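Presented below is the structure to which this report refers.
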Amino acid sequence: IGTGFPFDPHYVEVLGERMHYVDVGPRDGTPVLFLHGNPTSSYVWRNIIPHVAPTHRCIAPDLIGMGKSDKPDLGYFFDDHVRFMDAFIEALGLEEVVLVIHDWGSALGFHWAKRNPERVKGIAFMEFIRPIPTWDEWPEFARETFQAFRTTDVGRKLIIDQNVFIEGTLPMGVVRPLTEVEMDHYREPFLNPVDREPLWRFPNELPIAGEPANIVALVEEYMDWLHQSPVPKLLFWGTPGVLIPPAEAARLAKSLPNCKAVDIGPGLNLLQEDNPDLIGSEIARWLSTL
Ligand SMILES: *CCCCCCNC(=O)CN(C)S(=O)(=O)c1ccc(N(C)C)c2nsnc12
Ligand SMILES: [Cl-]
C-alpha cells in the first residue's frame, strides 16, 4: 500500500479562503468528487484515485481547516463546512457529479445530494454518519474516550494539547498497522496546536443520543432522502466496522434502492487504508456501468 502523495497542488478561492484539492484525469466526462472526514485529508483517497483517474476526472478537496487548505479562526461547526463545500463545488463549475464519501465527508455529500438531487449520478459511500441512539452500545473505553472528547476541559486537553485524535484515535481506526510515514502525512496539518480546532469540534458534532439535535435532524433528513432516492449506490463495508457494523451494512444493502454492497474484508473506520485496491477497482467498474 502506497505511502506517498504524488499529486500536484490545485487551489481555488472559496468564501474568501483558499482550499486545496487533488485534480487529475480527463475533463471530457463526469467528474468524481471524493470527500474525506475527521481527522483525514485527500491523503485518505491517494490509493483509490489512481484506479479511477484513467477514465474519469477525480476531484478530492481538503475540507476548510484541514489538509493543505487554509485554517481561519472559526468554530468549524458542520454548517461551516457545508458552506465552504457548497462554494467549492460552485467555484469549480461542476454540474453533474458522482460522489465518493466517508465519515464527515458523507454527511456533507448526502446533505448536498439531498438539496441537489438532479446533479448526482452516483454515490459511493463507506463508514458514514448516521444517528447513534445510545451511549451504552459503545465499547467500554470508546464510550469513555468520546464522552471525554465531548467536553471543553478534558476533551480540549486531549485533542488540542496532546493531539490524541491524530496520535491515537486515527490509527485505532485502521486494522493494519499504519506506518510512521503515513502517520507523518496525517500529522502535517496539525503540528501547531491552534490548528487542531476542527479535530475537537467534529466529535462534538457527532449525533449521539439526540445531541446535538440540529445535527441529528439534518442527518435524519438526508437518510430519508436516500431511502427514497433511486440514484445508483455503492456501499463499502468491513468487519467489525465502527460507524457501520456488518449487520447494518447488509440491512441497508437490501433497503436502499439500486445499491450494490462490497465486503472489503477486515476493517474499522478508514476502509480506504485496509483495502484501497478493492475500493478503487470496484468504483471504476461501477462507474463504467453507469
Ligand atoms: C468517523 C470519525 C471518527 C473516525 C476516527 C478513526 N478512528 C476510530 O474510529 C477509532 N475507533 C476504532 S474507536 O475505538 O475510537 C471507536 C469505537 C467505537 C465507535 N462506535 C461505537 C461508533 C466509534 N465511533 S468514532 N470512534 C469509535
Ligand atoms: Cl469525529
Side-chain angles (χ1 to χ4, degrees), residues 5-38 40-72 74 76-126 128-129 189 198 218 222 225 229 231-234 272 279-280 283-284 286-288 290:
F5 191 72
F7 299 101
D8 287 309
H10 296 272
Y11 293 100
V12 59
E13 298 294 322
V14 178
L15 303 179
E17 296 290 332
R18 201 179 67 179
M19 282 183 71
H20 170 261
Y21 62 106
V22 175
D23 197 359
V24 297
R27 291 298 201 81
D28 57 355
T30 305
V32 184
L33 180 58
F34 296 83
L35 302 182
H36 76 83
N38 193 38
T40 62
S41 69
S42 57
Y43 188 77
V44 79
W45 306 112
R46 76 195 179 284
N47 296 128
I48 292 163
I49 290 165
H51 288 266
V52 181
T55 60
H56 290 95
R57 183 186 177 184
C58 296
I59 307 168
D62 294 340
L63 303 190
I64 194 69
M66 309 186 74
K68 291 173 181 175
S69 291
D70 285 350
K71 294 159 177 57
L74 299 174
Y76 292 103
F77 288 87
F78 180 71
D79 190 44
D80 302 342
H81 289 286
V82 168
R83 265 244 245 54
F84 276 100
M85 189 54 59
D86 276 329
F88 175 83
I89 292 162
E90 298 303 307
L92 266 58
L94 303 177
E95 286 185 5
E96 84 292 352
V97 302
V98 178
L99 293 179
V100 176
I101 62 195
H102 173 244
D103 187 60
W104 280 106
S106 67
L108 294 170
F110 284 129
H111 188 50
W112 194 85
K114 169 192 157 201
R115 298 175 296 166
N116 296 252
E118 83 284 22
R119 291 166 71 183
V120 179
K121 309 313 195 204
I123 314 183
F125 47 102
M126 66 208 72
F128 59 91
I129 301 287
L218 187 149
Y222 71 61
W225 176 86
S229 182
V231 67
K233 291 173 199 77
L234 187 62
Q272 309 106 137
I279 296 164
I283 287 164
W286 174 70
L287 285 172
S288 59
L290 296 179

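Hydrogens, waters and symmetry mates play no part in the numbers below; they use all other heavy atoms, side chains included. For the single chain, residues carry numbers from 1 onward in sequence order.
For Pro189, the side-chain contact (heavy atoms from CB on, under 4.5 Å) test picks out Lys71, with sequence neighbours left out. Listed by chain and number, the residues in a ring-ring contact (aromatic ring centres under 6.0 Å, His included) with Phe110 are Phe125, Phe128, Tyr222 (sequence neighbours excluded). When the salt bridge (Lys or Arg N to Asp or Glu O under 4.0 Å) test is applied to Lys233, no partner is found at least two apart in sequence or on another chain. Shown here are the salt bridge (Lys or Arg N to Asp or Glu O under 4.0 Å) partners of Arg119, two or more places apart in sequence or in another chain: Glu90. Residues forming a ring-ring contact (aromatic ring centres under 6.0 Å, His included) with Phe78 (at least two apart in sequence, or on another chain): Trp104. Every salt bridge (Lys or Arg N to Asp or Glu O under 4.0 Å) that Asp86 has, sequence neighbours left out, goes to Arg115. Residues that satisfy the side-chain contact (heavy atoms from CB on, under 4.5 Å) test with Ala53, not counting sequence neighbours, are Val24, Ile49, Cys58. Among residues two or more places apart in sequence or in another chain, the side-chain hydrogen bond (donor to acceptor under 3.5 Å, both in side chains) test is passed with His51 by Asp277. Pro31 meets the side-chain contact (heavy atoms from CB on, under 4.5 Å) test with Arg57, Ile59, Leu94, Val97; sequence neighbours excluded. By the side-chain contact (heavy atoms from CB on, under 4.5 Å) test, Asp79 is found to be paired with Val82, residues two or more places apart in sequence or in another chain being considered.
Residue pairs meeting the salt bridge (charged side-chain N to carboxylate O under 4.0 Å, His left out) criterion with at least one member in residues 93-103: none, sequence neighbours excluded. Among residue pairs with one or both ends in residues 7-22, those qualifying as side chain to side chain donor-acceptor pair (under 3.5 Å) are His20-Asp62; sequence neighbours excluded.
The aromatic rings of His102 and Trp45 sit perpendicular to each other, their planes meeting at more than 60°, with 30° as the lower class boundary.
For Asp80 (side chain) and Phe77 (main-chain N/O), a donor-acceptor pair under 3.5 Å exists by modelled atom type.
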- prompt: Should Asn47 and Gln272 be marked as a side-chain contact (heavy atoms from CB on, under 4.5 Å) after you check the CA-CA gap, both sets of side-chain angles, and the distance that decides it?
  reply: CA-CA 8 Å; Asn47 296 128; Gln272 309 106 137; over 6 Å; no
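The minimum heavy-atom distance between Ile64 and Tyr76, with the atom names listed, is O-CE2, 3.5 Å.
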